[PDB]
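Asks: Just one file: protein-v9.pdb, with PDB, C-alpha atoms and all ligand atoms.
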ATOM      1  CA  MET A   1     -11.367  -7.556  11.378  1.00  0.00           C
ATOM      2  CA  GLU A   2      -8.060  -8.172   9.547  1.00  0.00           C
ATOM      3  CA  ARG A   3      -6.128  -5.006   8.697  1.00  0.00           C
ATOM      4  CA  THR A   4      -3.326  -4.292   6.230  1.00  0.00           C
ATOM      5  CA  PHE A   5      -1.083  -1.380   5.300  1.00  0.00           C
ATOM      6  CA  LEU A   6      -1.371   0.020   1.782  1.00  0.00           C
ATOM      7  CA  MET A   7       0.693   2.832   0.277  1.00  0.00           C
ATOM      8  CA  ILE A   8       0.040   4.798  -2.918  1.00  0.00           C
ATOM      9  CA  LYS A   9       3.582   5.481  -4.023  1.00  0.00           C
ATOM     10  CA  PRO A  10       4.865   8.813  -5.333  1.00  0.00           C
ATOM     11  CA  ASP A  11       4.623   7.700  -9.013  1.00  0.00           C
ATOM     12  CA  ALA A  12       0.848   7.191  -8.670  1.00  0.00           C
ATOM     13  CA  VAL A  13       0.571  10.541  -6.827  1.00  0.00           C
ATOM     14  CA  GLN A  14       2.620  12.402  -9.505  1.00  0.00           C
ATOM     15  CA  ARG A  15       0.579  10.718 -12.278  1.00  0.00           C
ATOM     16  CA  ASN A  16      -2.602  11.903 -10.560  1.00  0.00           C
ATOM     17  CA  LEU A  17      -3.882   8.350  -9.976  1.00  0.00           C
ATOM     18  CA  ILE A  18      -4.862   8.624  -6.301  1.00  0.00           C
ATOM     19  CA  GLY A  19      -8.611   8.447  -6.928  1.00  0.00           C
ATOM     20  CA  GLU A  20      -8.299   5.699  -9.512  1.00  0.00           C
ATOM     21  CA  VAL A  21      -6.259   3.524  -7.111  1.00  0.00           C
ATOM     22  CA  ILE A  22      -8.526   4.238  -4.114  1.00  0.00           C
ATOM     23  CA  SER A  23     -11.547   3.292  -6.249  1.00  0.00           C
ATOM     24  CA  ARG A  24     -10.115  -0.122  -7.010  1.00  0.00           C
ATOM     25  CA  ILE A  25      -9.613  -0.768  -3.299  1.00  0.00           C
ATOM     26  CA  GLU A  26     -13.105   0.450  -2.327  1.00  0.00           C
ATOM     27  CA  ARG A  27     -14.999  -1.431  -5.043  1.00  0.00           C
ATOM     28  CA  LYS A  28     -13.319  -4.669  -3.919  1.00  0.00           C
ATOM     29  CA  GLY A  29     -15.203  -4.397  -0.625  1.00  0.00           C
ATOM     30  CA  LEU A  30     -12.206  -3.326   1.455  1.00  0.00           C
ATOM     31  CA  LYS A  31     -12.785  -0.653   4.086  1.00  0.00           C
ATOM     32  CA  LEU A  32     -10.651   2.471   4.273  1.00  0.00           C
ATOM     33  CA  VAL A  33     -10.023   2.785   7.975  1.00  0.00           C
ATOM     34  CA  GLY A  34      -6.959   5.045   7.983  1.00  0.00           C
ATOM     35  CA  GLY A  35      -5.528   7.309   5.303  1.00  0.00           C
ATOM     36  CA  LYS A  36      -3.181  10.251   5.118  1.00  0.00           C
ATOM     37  CA  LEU A  37      -1.339  12.154   2.363  1.00  0.00           C
ATOM     38  CA  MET A  38       2.150  12.672   3.776  1.00  0.00           C
ATOM     39  CA  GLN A  39       5.753  13.378   2.852  1.00  0.00           C
ATOM     40  CA  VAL A  40       7.899  10.425   3.894  1.00  0.00           C
ATOM     41  CA  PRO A  41      10.813  11.347   6.182  1.00  0.00           C
ATOM     42  CA  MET A  42      14.141   9.574   5.553  1.00  0.00           C
ATOM     43  CA  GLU A  43      14.107   7.659   8.869  1.00  0.00           C
ATOM     44  CA  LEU A  44      10.618   6.301   8.136  1.00  0.00           C
ATOM     45  CA  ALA A  45      11.659   5.359   4.594  1.00  0.00           C
ATOM     46  CA  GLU A  46      14.748   3.531   5.824  1.00  0.00           C
ATOM     47  CA  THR A  47      13.036   1.633   8.647  1.00  0.00           C
ATOM     48  CA  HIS A  48      10.152   0.622   6.386  1.00  0.00           C
ATOM     49  CA  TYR A  49      12.510  -0.768   3.738  1.00  0.00           C
ATOM     50  CA  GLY A  50      15.217  -1.903   6.183  1.00  0.00           C
ATOM     51  CA  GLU A  51      15.022  -5.483   4.927  1.00  0.00           C
ATOM     52  CA  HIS A  52      16.573  -4.305   1.639  1.00  0.00           C
ATOM     53  CA  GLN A  53      19.609  -2.384   3.006  1.00  0.00           C
ATOM     54  CA  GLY A  54      22.210  -4.306   1.001  1.00  0.00           C
ATOM     55  CA  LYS A  55      20.351  -4.616  -2.293  1.00  0.00           C
ATOM     56  CA  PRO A  56      21.249  -2.917  -5.602  1.00  0.00           C
ATOM     57  CA  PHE A  57      17.972  -0.931  -5.769  1.00  0.00           C
ATOM     58  CA  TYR A  58      18.003   0.192  -2.100  1.00  0.00           C
ATOM     59  CA  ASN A  59      19.419   3.709  -2.566  1.00  0.00           C
ATOM     60  CA  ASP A  60      17.134   4.264  -5.557  1.00  0.00           C
ATOM     61  CA  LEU A  61      14.158   3.034  -3.480  1.00  0.00           C
ATOM     62  CA  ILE A  62      14.761   5.454  -0.605  1.00  0.00           C
ATOM     63  CA  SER A  63      15.251   8.278  -3.119  1.00  0.00           C
ATOM     64  CA  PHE A  64      12.040   7.440  -4.856  1.00  0.00           C
ATOM     65  CA  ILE A  65       9.792   7.042  -1.805  1.00  0.00           C
ATOM     66  CA  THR A  66      10.996  10.370  -0.418  1.00  0.00           C
ATOM     67  CA  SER A  67      10.798  12.298  -3.689  1.00  0.00           C
ATOM     68  CA  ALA A  68       7.137  13.296  -3.294  1.00  0.00           C
ATOM     69  CA  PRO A  69       4.156  12.621  -0.993  1.00  0.00           C
ATOM     70  CA  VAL A  70       2.518   9.228  -0.575  1.00  0.00           C
ATOM     71  CA  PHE A  71      -0.958   8.219   0.469  1.00  0.00           C
ATOM     72  CA  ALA A  72      -0.614   5.872   3.392  1.00  0.00           C
ATOM     73  CA  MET A  73      -3.681   3.729   4.155  1.00  0.00           C
ATOM     74  CA  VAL A  74      -4.948   1.182   6.610  1.00  0.00           C
ATOM     75  CA  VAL A  75      -7.428  -1.110   4.975  1.00  0.00           C
ATOM     76  CA  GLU A  76      -9.845  -3.390   6.835  1.00  0.00           C
ATOM     77  CA  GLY A  77     -11.585  -6.553   5.598  1.00  0.00           C
ATOM     78  CA  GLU A  78     -11.783 -10.340   5.766  1.00  0.00           C
ATOM     79  CA  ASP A  79      -8.432 -11.722   4.499  1.00  0.00           C
ATOM     80  CA  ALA A  80      -7.519  -8.043   3.741  1.00  0.00           C
ATOM     81  CA  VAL A  81      -3.791  -8.782   3.489  1.00  0.00           C
ATOM     82  CA  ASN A  82      -4.151 -11.364   0.714  1.00  0.00           C
ATOM     83  CA  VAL A  83      -7.177  -9.686  -0.884  1.00  0.00           C
ATOM     84  CA  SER A  84      -5.193  -6.470  -1.259  1.00  0.00           C
ATOM     85  CA  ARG A  85      -2.160  -8.268  -2.649  1.00  0.00           C
ATOM     86  CA  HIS A  86      -4.467 -10.038  -5.095  1.00  0.00           C
ATOM     87  CA  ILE A  87      -5.893  -6.819  -6.612  1.00  0.00           C
ATOM     88  CA  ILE A  88      -2.519  -5.100  -6.384  1.00  0.00           C
ATOM     89  CA  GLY A  89      -0.798  -7.811  -8.508  1.00  0.00           C
ATOM     90  CA  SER A  90       2.743  -9.195  -8.853  1.00  0.00           C
ATOM     91  CA  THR A  91       5.674  -6.957  -7.955  1.00  0.00           C
ATOM     92  CA  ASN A  92       6.739  -6.579 -11.608  1.00  0.00           C
ATOM     93  CA  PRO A  93       3.875  -4.834 -13.482  1.00  0.00           C
ATOM     94  CA  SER A  94       4.458  -6.955 -16.583  1.00  0.00           C
ATOM     95  CA  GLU A  95       3.866 -10.162 -14.622  1.00  0.00           C
ATOM     96  CA  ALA A  96       0.937  -8.666 -12.720  1.00  0.00           C
ATOM     97  CA  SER A  97      -2.417  -9.788 -14.120  1.00  0.00           C
ATOM     98  CA  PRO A  98      -4.207  -7.389 -16.408  1.00  0.00           C
ATOM     99  CA  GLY A  99      -6.982  -5.885 -14.284  1.00  0.00           C
ATOM    100  CA  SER A 100      -4.789  -5.609 -11.190  1.00  0.00           C
ATOM    101  CA  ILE A 101      -3.560  -2.169 -10.152  1.00  0.00           C
ATOM    102  CA  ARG A 102       0.061  -2.887 -11.161  1.00  0.00           C
ATOM    103  CA  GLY A 103      -1.135  -4.869 -14.194  1.00  0.00           C
ATOM    104  CA  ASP A 104      -3.075  -1.894 -15.554  1.00  0.00           C
ATOM    105  CA  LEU A 105      -1.144   1.137 -14.280  1.00  0.00           C
ATOM    106  CA  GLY A 106       2.487   0.258 -13.588  1.00  0.00           C
ATOM    107  CA  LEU A 107       5.258   0.111 -16.171  1.00  0.00           C
ATOM    108  CA  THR A 108       8.378  -0.993 -14.249  1.00  0.00           C
ATOM    109  CA  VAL A 109       9.106  -2.903 -11.042  1.00  0.00           C
ATOM    110  CA  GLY A 110      10.722   0.167  -9.476  1.00  0.00           C
ATOM    111  CA  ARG A 111       7.764   2.450 -10.220  1.00  0.00           C
ATOM    112  CA  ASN A 112       4.845   0.208  -9.492  1.00  0.00           C
ATOM    113  CA  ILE A 113       2.101   2.413  -8.064  1.00  0.00           C
ATOM    114  CA  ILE A 114       1.179   0.813  -4.741  1.00  0.00           C
ATOM    115  CA  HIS A 115       2.511  -1.054  -1.689  1.00  0.00           C
ATOM    116  CA  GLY A 116       0.674  -3.654   0.373  1.00  0.00           C
ATOM    117  CA  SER A 117       1.949  -5.614   3.361  1.00  0.00           C
ATOM    118  CA  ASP A 118       3.047  -9.082   2.278  1.00  0.00           C
ATOM    119  CA  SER A 119       2.037 -10.956   5.435  1.00  0.00           C
ATOM    120  CA  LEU A 120      -0.045 -10.720   8.598  1.00  0.00           C
ATOM    121  CA  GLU A 121       3.162 -10.014  10.509  1.00  0.00           C
ATOM    122  CA  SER A 122       4.480  -7.177   8.297  1.00  0.00           C
ATOM    123  CA  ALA A 123       0.907  -5.767   8.244  1.00  0.00           C
ATOM    124  CA  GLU A 124       0.842  -5.191  11.966  1.00  0.00           C
ATOM    125  CA  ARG A 125       4.495  -3.983  11.767  1.00  0.00           C
ATOM    126  CA  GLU A 126       3.902  -1.441   8.985  1.00  0.00           C
ATOM    127  CA  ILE A 127       0.605  -0.224  10.495  1.00  0.00           C
ATOM    128  CA  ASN A 128       2.327   0.587  13.826  1.00  0.00           C
ATOM    129  CA  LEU A 129       5.157   2.272  11.959  1.00  0.00           C
ATOM    130  CA  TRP A 130       3.025   4.615   9.821  1.00  0.00           C
ATOM    131  CA  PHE A 131      -0.048   5.103  12.027  1.00  0.00           C
ATOM    132  CA  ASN A 132      -1.033   5.777  15.656  1.00  0.00           C
ATOM    133  CA  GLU A 133      -4.281   4.163  16.941  1.00  0.00           C
ATOM    134  CA  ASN A 134      -5.858   7.640  17.100  1.00  0.00           C
ATOM    135  CA  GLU A 135      -5.436   8.082  13.323  1.00  0.00           C
ATOM    136  CA  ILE A 136      -7.199   4.781  12.614  1.00  0.00           C
ATOM    137  CA  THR A 137     -10.954   5.054  12.708  1.00  0.00           C
ATOM    138  CA  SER A 138     -13.367   2.227  13.410  1.00  0.00           C
ATOM    139  CA  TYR A 139     -16.816   2.167  11.804  1.00  0.00           C
ATOM    140  CA  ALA A 140     -19.625   0.004  10.608  1.00  0.00           C
ATOM    141  CA  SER A 141     -20.537   0.445   6.934  1.00  0.00           C
ATOM    142  CA  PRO A 142     -23.957  -0.235   5.284  1.00  0.00           C
ATOM    143  CA  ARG A 143     -22.445  -2.777   2.874  1.00  0.00           C
ATOM    144  CA  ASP A 144     -20.793  -4.833   5.668  1.00  0.00           C
ATOM    145  CA  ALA A 145     -23.916  -7.062   5.932  1.00  0.00           C
ATOM    146  CA  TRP A 146     -23.646  -7.723   2.206  1.00  0.00           C
ATOM    147  CA  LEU A 147     -19.924  -8.551   1.945  1.00  0.00           C
ATOM    148  CA  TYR A 148     -20.048 -11.164   4.737  1.00  0.00           C
ATOM    149  CA  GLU A 149     -22.228 -14.045   5.940  1.00  0.00           C
TER     150      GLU A 149
HETATM  151  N1  LIG B 201      14.696  -4.316  -9.024  1.00  0.00           N
HETATM  152  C1  LIG B 201      14.116  -3.277  -8.383  1.00  0.00           C
HETATM  153  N2  LIG B 201      14.475  -1.992  -8.654  1.00  0.00           N
HETATM  154  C2  LIG B 201      13.906  -0.942  -8.027  1.00  0.00           C
HETATM  155  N3  LIG B 201      12.951  -1.093  -7.088  1.00  0.00           N
HETATM  156  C3  LIG B 201      12.494  -2.330  -6.717  1.00  0.00           C
HETATM  157  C4  LIG B 201      13.065  -3.527  -7.361  1.00  0.00           C
HETATM  158  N4  LIG B 201      12.451  -4.600  -6.824  1.00  0.00           N
HETATM  159  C5  LIG B 201      11.558  -4.132  -5.915  1.00  0.00           C
HETATM  160  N5  LIG B 201      11.582  -2.782  -5.843  1.00  0.00           N
HETATM  161  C6  LIG B 201      10.738  -1.912  -4.972  1.00  0.00           C
HETATM  162  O1  LIG B 201      10.224  -2.634  -3.849  1.00  0.00           O
HETATM  163  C7  LIG B 201       8.795  -2.619  -3.880  1.00  0.00           C
HETATM  164  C8  LIG B 201       8.177  -3.906  -3.375  1.00  0.00           C
HETATM  165  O2  LIG B 201       8.894  -5.035  -3.845  1.00  0.00           O
HETATM  166  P1  LIG B 201      10.002  -5.668  -2.875  1.00  0.00           P
HETATM  167  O3  LIG B 201      10.322  -4.654  -1.799  1.00  0.00           O
HETATM  168  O4  LIG B 201      11.106  -6.224  -3.750  1.00  0.00           O
HETATM  169  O5  LIG B 201       9.212  -6.898  -2.182  1.00  0.00           O
HETATM  170  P2  LIG B 201       8.052  -6.741  -1.062  1.00  0.00           P
HETATM  171  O6  LIG B 201       6.840  -6.391  -1.902  1.00  0.00           O
HETATM  172  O7  LIG B 201       7.999  -8.104  -0.403  1.00  0.00           O
HETATM  173  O8  LIG B 201       8.523  -5.654  -0.125  1.00  0.00           O
HETATM  174  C9  LIG B 201       8.447  -2.417  -5.334  1.00  0.00           C
HETATM  175  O9  LIG B 201       7.124  -1.898  -5.449  1.00  0.00           O
HETATM  176  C10 LIG B 201       9.530  -1.462  -5.791  1.00  0.00           C
HETATM  177  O10 LIG B 201       9.188  -0.095  -5.505  1.00  0.00           O
HETATM  178  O1  LIG B 202       6.057  -1.347  -1.830  1.00  0.00           O
HETATM  179  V1  LIG B 202       5.590  -3.203  -1.702  1.00  0.00           V
HETATM  180  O2  LIG B 202       6.873  -3.962  -0.501  1.00  0.00           O
HETATM  181  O3  LIG B 202       3.847  -3.625  -1.054  1.00  0.00           O
HETATM  182  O4  LIG B 202       5.627  -4.031  -3.436  1.00  0.00           O
END
Output the file's structure in the form of structure tokens.
Ligand SMILES: Nc1ncnc2c1ncn2[C@@H]1O[C@H](COP(=O)(O)OP(=O)(O)O)[C@@H](O)[C@H]1O
Ligand code: VO4

Replies:
Amino acid sequence: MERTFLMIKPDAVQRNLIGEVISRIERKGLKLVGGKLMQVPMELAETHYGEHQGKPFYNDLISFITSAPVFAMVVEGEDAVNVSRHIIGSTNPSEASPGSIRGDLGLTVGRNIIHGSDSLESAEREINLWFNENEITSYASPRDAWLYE
């Protein structure tokens, strides 16, 4: 089943929104398959956001993601990558739909609560980067028969 990488960013953690954010993912029918609260080391920060190295916000991004722990997650479900991005909302919280996580909880583009992989390819990339196979569980859930045909 399709898997994506989600990350509750340090703003959400420092605003005590971990449970709230997790709830929104669960109730959507997505399966939490891997999850750890962790401090992000510089190397991991920089390789995760390597595609932004030149940008204006880059230094501020590394600073921010390392400033306090994150909750890194692997989420499993049909179309999980797009489904997650759908309930997460647009990058800028003021363009994100009300009812989405960024729409409801985020104020600014720089502090926008959660990360989700943007494609199938970056999903597998980010998952390998943040997680080892032995930290990703695999289980059947009671509701599985009721989310899918
Ligand atoms: N103008 C900006 N200033 C500060 N941080 C930004 C800005 N734009 C994007 N970011 C950071 O990057 C994260 C994801 O958006 P971005 O990296 O631009 O695209 P993608 O979601 O494809 O990686 C945002 O949640 C935010 O933390
Ligand atoms: O931190 V993100 O690249 O899923 O907006």

Asks: Ligand LIG 201 (chain B): which residues are within 9 Å, counting only C-alpha atoms and all ligand atoms, as JSON, numbers by chain?

Replies: {"A": [9, 49, 51, 52, 55, 56, 57, 58, 60, 61, 64, 65, 90, 91, 92, 108, 109, 110, 111, 112, 113, 114, 115, 116, 117, 118, 119]}

Asks: Would you save the residues from that selection as an mmCIF file, in the frame of the given file, using C-alpha atoms?

Replies:
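Once everything was written out, this is result_14.cif:
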data_model
loop_
_atom_site.group_PDB
_atom_site.id
_atom_site.type_symbol
_atom_site.label_atom_id
_atom_site.label_comp_id
_atom_site.auth_asym_id
_atom_site.auth_seq_id
_atom_site.Cartn_x
_atom_site.Cartn_y
_atom_site.Cartn_z
ATOM 1 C CA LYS A 9 3.582 5.481 -4.023
ATOM 2 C CA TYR A 49 12.510 -0.768 3.738
ATOM 3 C CA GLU A 51 15.022 -5.483 4.927
ATOM 4 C CA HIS A 52 16.573 -4.305 1.639
ATOM 5 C CA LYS A 55 20.351 -4.616 -2.293
ATOM 6 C CA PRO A 56 21.249 -2.917 -5.602
ATOM 7 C CA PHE A 57 17.972 -0.931 -5.769
ATOM 8 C CA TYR A 58 18.003 0.192 -2.100
ATOM 9 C CA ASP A 60 17.134 4.264 -5.557
ATOM 10 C CA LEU A 61 14.158 3.034 -3.480
ATOM 11 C CA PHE A 64 12.040 7.440 -4.856
ATOM 12 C CA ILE A 65 9.792 7.042 -1.805
ATOM 13 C CA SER A 90 2.743 -9.195 -8.853
ATOM 14 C CA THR A 91 5.674 -6.957 -7.955
ATOM 15 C CA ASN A 92 6.739 -6.579 -11.608
ATOM 16 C CA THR A 108 8.378 -0.993 -14.249
ATOM 17 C CA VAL A 109 9.106 -2.903 -11.042
ATOM 18 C CA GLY A 110 10.722 0.167 -9.476
ATOM 19 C CA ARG A 111 7.764 2.450 -10.220
ATOM 20 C CA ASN A 112 4.845 0.208 -9.492
ATOM 21 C CA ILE A 113 2.101 2.413 -8.064
ATOM 22 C CA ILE A 114 1.179 0.813 -4.741
ATOM 23 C CA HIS A 115 2.511 -1.054 -1.689
ATOM 24 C CA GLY A 116 0.674 -3.654 0.373
ATOM 25 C CA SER A 117 1.949 -5.614 3.361
ATOM 26 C CA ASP A 118 3.047 -9.082 2.278
ATOM 27 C CA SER A 119 2.037 -10.956 5.435
#

Asks: With all atoms of ligand LIG 202 (chain B) from the file as input, state the centre and edge lengths in Å to one decimal of the axis-aligned box that has 3 Å extra on each side, as lines of an AutoDock Vina configuration file.

Replies:
center_x = 5.4
center_y = -2.7
center_z = -2.0
size_x = 9.0
size_y = 8.7
size_z = 8.9

Asks: Residues at most 9 Å from residue 31 in chain A, counting all atoms listed in the file, excluding those fewer than 3 positions away in the same chain, as number ranges by chain?

Replies: A: 25-26, 28, 74-77, 141

Asks: Would you write out those residues with C-alpha atoms, as a short mmCIF file (atom, residue, chain, number, x, y, z; two decimals), keeping the file's coordinate frame?

Replies:
data_model
loop_
_atom_site.label_atom_id
_atom_site.label_comp_id
_atom_site.auth_asym_id
_atom_site.auth_seq_id
_atom_site.Cartn_x
_atom_site.Cartn_y
_atom_site.Cartn_z
CA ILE A 25 -9.61 -0.77 -3.30
CA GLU A 26 -13.10 0.45 -2.33
CA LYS A 28 -13.32 -4.67 -3.92
CA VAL A 74 -4.95 1.18 6.61
CA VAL A 75 -7.43 -1.11 4.97
CA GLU A 76 -9.85 -3.39 6.84
CA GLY A 77 -11.58 -6.55 5.60
CA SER A 141 -20.54 0.44 6.93
#

Asks: Counting only C-alpha atoms and all ligand atoms, which residue out of A:13, A:21, A:37, A:81 sits closest to ligand LIG 202 (chain B)?

Replies: A:81

Asks: List every protein, DNA or RNA residue with an atom no more than 10 Å from (4.1, 0.3, 9.0) in the file's coordinates, counting all atoms listed in the file, and format the result as a count of residues only.

Replies: 22

Asks: Which residue is closest to residue 36 in chain A? Choose from A:89, A:99, A:69, A:19 and count all atoms listed in the file.

Replies: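 Smallest separation from residue 36 in chain A among the options: A:69.
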
Asks: Written as a ChimeraX atom specification, which residues does the PyMOL selection byres (((chain A and resi 87) around 9) and not hetatm) give for the file shown?

Replies: /A:24-25,28,82-86,88-89,97,99-102

Asks: Any chance you could export the current selection's C-alpha atoms as a PDB file, keeping the file's coordinate frame?

Replies:
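New file selection-v1.pdb:
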ATOM      1  CA  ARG A  24     -10.115  -0.122  -7.010  1.00  0.00           C
ATOM      2  CA  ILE A  25      -9.613  -0.768  -3.299  1.00  0.00           C
ATOM      3  CA  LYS A  28     -13.319  -4.669  -3.919  1.00  0.00           C
ATOM      4  CA  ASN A  82      -4.151 -11.364   0.714  1.00  0.00           C
ATOM      5  CA  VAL A  83      -7.177  -9.686  -0.884  1.00  0.00           C
ATOM      6  CA  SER A  84      -5.193  -6.470  -1.259  1.00  0.00           C
ATOM      7  CA  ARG A  85      -2.160  -8.268  -2.649  1.00  0.00           C
ATOM      8  CA  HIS A  86      -4.467 -10.038  -5.095  1.00  0.00           C
ATOM      9  CA  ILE A  88      -2.519  -5.100  -6.384  1.00  0.00           C
ATOM     10  CA  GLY A  89      -0.798  -7.811  -8.508  1.00  0.00           C
ATOM     11  CA  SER A  97      -2.417  -9.788 -14.120  1.00  0.00           C
ATOM     12  CA  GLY A  99      -6.982  -5.885 -14.284  1.00  0.00           C
ATOM     13  CA  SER A 100      -4.789  -5.609 -11.190  1.00  0.00           C
ATOM     14  CA  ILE A 101      -3.560  -2.169 -10.152  1.00  0.00           C
ATOM     15  CA  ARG A 102       0.061  -2.887 -11.161  1.00  0.00           C
TER      16      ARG A 102
END

Asks: So the first atom is CA of residue 71 in chain A and the second is CA of residue 54 in chain A; what is the distance between them in Å, to one decimal place?

Replies: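 That distance, rounded to one decimal, is 26.3 Å.
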
Asks: Could you check how far CA of residue 149 in chain A sits from CA of residue 137 in chain A, in Å to one decimal?

Replies: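 Going from CA of residue 149 in chain A over to CA of residue 137 in chain A, I get 23.2 Å.
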
Asks: Determine the nearest neighbour of ligand LIG 202 (chain B) from the options A:105, A:68, A:147, A:8, counting only C-alpha atoms and all ligand atoms.

Replies: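 Distance minimum relative to ligand LIG 202 (chain B) lands on A:8.
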
Asks: Within 10 Å of (7.1, 16.5, 0.2) (coordinates as in the file), grab all the protein and nucleic acid residues, counting only C-alpha atoms, and write them out as a ChimeraX atom specification.

Replies: /A:10,37-41,66-70

Asks: Using Å and a single decimal, report how far atom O3 of ligand LIG 202 (chain B) sits from CA of residue 146 in chain A.

Replies: 28.0 Å
